[PDB]
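The next block holds one structure in the form of structure tokens; read it before the comments.
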Amino acid sequence: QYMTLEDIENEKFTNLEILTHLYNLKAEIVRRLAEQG
Amino acid sequence: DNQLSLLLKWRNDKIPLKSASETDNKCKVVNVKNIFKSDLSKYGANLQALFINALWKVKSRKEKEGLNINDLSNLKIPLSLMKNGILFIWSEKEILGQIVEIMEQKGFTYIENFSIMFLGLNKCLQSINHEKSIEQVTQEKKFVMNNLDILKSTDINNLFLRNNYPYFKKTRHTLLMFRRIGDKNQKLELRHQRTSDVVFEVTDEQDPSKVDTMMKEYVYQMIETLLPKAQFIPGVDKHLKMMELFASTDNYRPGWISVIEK
Amino acid sequence: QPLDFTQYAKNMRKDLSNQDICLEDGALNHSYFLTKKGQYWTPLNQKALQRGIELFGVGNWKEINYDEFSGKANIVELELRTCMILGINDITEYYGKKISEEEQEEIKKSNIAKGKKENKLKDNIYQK
Amino acid sequence: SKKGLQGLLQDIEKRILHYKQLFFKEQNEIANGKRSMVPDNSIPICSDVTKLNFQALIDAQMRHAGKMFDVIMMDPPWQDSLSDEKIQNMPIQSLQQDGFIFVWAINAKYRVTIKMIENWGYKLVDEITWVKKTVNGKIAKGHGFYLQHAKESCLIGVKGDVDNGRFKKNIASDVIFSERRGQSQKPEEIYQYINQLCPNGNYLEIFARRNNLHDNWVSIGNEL
Ligand SMILES: C[S@@+](CC[C@H](N)C(=O)[O-])C[C@H]1O[C@@H](n2cnc3c(N)ncnc32)[C@H](O)[C@@H]1O
């Protein structure tokens, strides 16, 4: 999803889905850091 | 635990409506030899509700007199009698689809079914403690209603009236409701979702199909709530817009045409 | 004439069920039936990941996805499965190592042994 | 944004570690033989009933059991939503020679279901009504047009020889007072009722999710 941690931490989501949500969020923070630099 | 003070709440709220006199203008009591072979268009017009209080002769009802299903096709419901309205039929499990098929041959689309869960009177009495006349049956129904705070511990599945049937035990009665749209731009006003599609009734084991008083009143109030302008109020209403077939010979409900098979 | 329902179910799963629904002997593959539909890791997918690590440097997952998975795979799942295969949760030091299929078991055993030695063996993964 | 953003970076590290181990643990349990909630003697089919070779199913059932299905339950996707014609075109005439059909029907498709039972050679003989129950025990009244729908009707038709050794008569109940367990998720009691009707028989479910997989059931679905 996005910066909303509660959406990516849903119990309905499975661990693979949750984990790829965290990895997409990680990519977003990396992109924001690259935009900062 | 079973919430029967709420499932059977209506048995403490709804009162039987008093029967109107035959010499009164609020009822139309008509007597016919055979309802299925009688021109009903002479006994009412522009109907909105037609509740056929049909008691069927089915193999489940052992050695009990009732209407034959094959005669229902002989019934005539012309557009003059009912143009745009709702028809109510007591349905048994072995002649369910046939009824629907018959109702398809007379322009009545299936729109609803109203099901009565049946709670065993003897089972409820045994849970309280541990041929019967209708006065006695009503007496123990009221006794069960009064003693409902101590019956809540018993599971609801042990109270269901599981009567004999070839395939699945009969713990339900059905009132199929059909509609006739008829002409266009003639809107049948309906107050929607004002009655539960399922009800619970404590019944006797011998004849669950023959619905007793205080519960036929539930069906009457469902019909009158579903079709508001079909209710006959004197002064600005020329004709009665409700009519019931095979009605009780002593209880003529006001606002209805009482058709008695005599 | 009773019917052996275990054998009957096994034979029917052999006949009219997917290769992921049942196993080779007809036994019900429970691995398929506790992950979401369309997210199951087949043994063919494991062999494809092993062949992709042999063919391409481990760490570059777009190439593996477009070559040995026909583009229908998750990069996250590929990274997690290579972490399982190497036995180490963090594969940063294994970036583009290009490890062969017949050799990867040695590093898996080495990481598992380091997990026992350093008391970091949490569920068959060297928690470094 | 700004410093707390990389603070979130530490956060998006920490969780992505912990969940990782959790996933690994689950997969490790997958490696060391973890049983699923579905039973062992379940026969799942993952195919669309439009494209599924029913003749293969018929031949497999003939060569593995020697007899056709005894109960065929069905929860059709009424208008993925299959049309009425495509649901009707399903070859239930060949999937059953002597037994019962247990097809669920919403109100809007109540009549056509009675048509389908009539068009498949069955004769409609029963109805089982599932009254939806709330968590407290009350009636789960839904939404309707004429009445507040608080029921789901499963129409039961019968086809042929029933007075044989199987198909116990006068069993169970025609009413299931069970709770609502999910979206379009049928009660489990009907399965028990089916086991009350036909003990240790062969049964078929045409539109079955993963929760409808039971013992001695040949379930069909697309998300199975
Ligand atoms: C009414 S729901 C059935 C729910 C199920 N009986 C339960 O209790 O969980 C319809 C289901 O049928 C399945 N289905 C839909 N379209 C299908 C198709 N074309 N062929 C086979 N199965 C289909 C899907 O799993 C869908 O959720």
Side-chain angles (χ1 to χ4, degrees), chain B residues 14 16-17 19-20 25-30 32 35-36 38-55 72 75-91 99-100 102-103 106-116 173-183 186-197 199 211 215-234 236-248 251-261, chain D residues 107 144-148:
Chain B
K14 326 195 106 62
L17 196 43
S19 149
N25 56 322
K26 296 178 181 179
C27 279
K28 206 187 162 2
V29 178
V30 312
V32 288
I35 309 206
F36 286 160
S38 59
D39 198 279
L40 303 180
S41 170
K42 325 200 151 295
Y43 313 130
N46 227 314
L47 261 51
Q48 309 209 4
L50 178 46
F51 161 59
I52 314 192
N53 189 33
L55 219 67
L72 185 64
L75 181 74
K76 293 176 178 180
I77 313 161
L79 263 200
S80 45
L81 177 70
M82 188 179 0
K83 205 174 317 330
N84 155 17
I86 304 189
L87 179 128
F88 310 89
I89 274 281
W90 289 124
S91 154
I99 279 174
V100 184
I102 281 158
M103 273 322 118
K106 316 158 145 13
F108 282 108
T109 313
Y110 175 94
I111 82 170
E112 211 80 27
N113 96 325
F114 167 81
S115 280
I116 317 154
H173 212 233
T174 326
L175 184 91
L176 304 173
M177 321 188 332
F178 305 87
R179 217 191 145 161
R180 190 182 271 193
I181 324 286
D183 293 2
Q186 183 204 5
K187 195 168 303 302
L188 165 90
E189 336 172 10
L190 299 128
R191 304 169 334 191
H192 315 117
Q193 310 166 226
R194 298 265 175 81
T195 310
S196 199
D197 163 280
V199 86
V211 142
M215 159 84 210
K216 230 200 292 180
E217 232 278 338
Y218 198 106
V219 185
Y220 285 141
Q221 290 207 31
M222 176 244 273
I223 293 165
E224 288 153 332
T225 318
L226 187 50
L227 303 103
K229 288 283 213 343
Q231 258 279 109
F232 176 66
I233 64 106
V236 284
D237 298 75
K238 154 81 183 78
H239 54 275
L240 292 75
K241 324 136 169 195
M242 260 103 65
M243 146 165 182
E244 141 188 47
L245 307 187
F246 311 97
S248 39
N251 196 349
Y252 310 130
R253 171 154 194 117
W256 288 64
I257 292 131
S258 212
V259 196
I260 316 278
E261 177 242 354
Chain D
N107 219 254
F145 200 69
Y146 312 97
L147 290 185
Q148 274 186 357

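Computation of the quantities below employed the complete heavy-atom set of this structure, encompassing side-chain atoms and omitting hydrogens, waters and symmetry-equivalent molecules. Within every chain, numbering begins at 1; the chains are lettered A, B, ... in the order of the sequence lines, protein sequences first and strands thereafter.
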Measure across [X] and [Y] and return the closest heavy-atom pair with its distance rounded to 0.1 Å.
X: B:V32; Y: B:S38; answer: CG1-CB, 4.0 Å
X: B:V259; Y: B:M243; answer: CG2-CE, 3.7 Å
X: B:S258; Y: B:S248; answer: OG-O, 4.4 Å
X: B:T225; Y: B:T195; answer: CB-OG1, 4.2 Å

Applying side chain to side chain contact (heavy atoms under 4.5 Å, CB included), run through B:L17 and B:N251 and close with a yes or a no. CA-CA 9 Å; B:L17 196 43; B:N251 196 349; over 6 Å; no
So do B:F88 and B:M222 actually touch side chain to side chain, heavy atoms under 4.5 Å?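 Yes, close enough: below the 4.5 Å cut-off.
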With side chains defined as the heavy atoms from C-beta onward, is the minimum distance between B:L47 and B:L40 less than 4.5 Å?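 Counting from C-beta outward, B:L47 and B:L40 never come under 4.5 Å.
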Does the [X] side chain pair with the main chain of [Y], one donor and one acceptor, at a distance under 3.5 Å?
X: B:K28; Y: B:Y43; result: no
X: B:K14; Y: B:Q221; result: no
X: B:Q193; Y: D:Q148; result: no

So, taking the atom named [atom1] in [X] and the one named [atom2] in [Y], what distance separates them when rounded to the nearest 0.5 Å?
X: B:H173; Y: B:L175; atom1: NE2; atom2: CG; result: 8.5 Å
X: B:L188; Y: B:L226; atom1: CG; atom2: CG; result: 7.5 Å
X: B:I89; Y: B:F114; atom1: CD1; atom2: CZ; result: 15.0 Å
X: B:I102; Y: B:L72; atom1: CD1; atom2: CG; result: 4.5 Å

Residue that, paired with B:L176, satisfies side-chain contact (heavy atoms from CB on, under 4.5 Å) out of B:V100, B:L87, B:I52: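 Answer after filtering B:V100, B:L87, B:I52: B:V100.
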Could you pull out all residues at least two apart from [X] that satisfy ring-ring contact (aromatic ring centres under 6.0 Å, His included)?
X: B:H192; value: D:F145
X: B:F36; value: B:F246
X: B:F51; value: B:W90, B:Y220

B:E224 and B:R253: salt bridge (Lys or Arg N to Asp or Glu O under 4.0 Å), yes or no, with the steps? CA-CA 12 Å; B:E224 288 153 332; B:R253 171 154 194 117; 2.6 Å; yes
Do other residues, nucleotides or ligands put more than 12 heavy atoms under 6.0 Å from B:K83 NZ?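 Buried by this count: over 12 neighbours within 6.0 Å.
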Salt bridge between B:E189 and B:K229, side-chain N to carboxylate O under 4.0 Å?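 A salt bridge is present here (some side-chain N lies under 4.0 Å from a carboxylate O).
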Can a donor-acceptor pair be found between the side chains of B:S41 and B:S80 at a distance below 3.5 Å?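 B:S80 and B:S41 do have a side-chain donor-acceptor pair below 3.5 Å.
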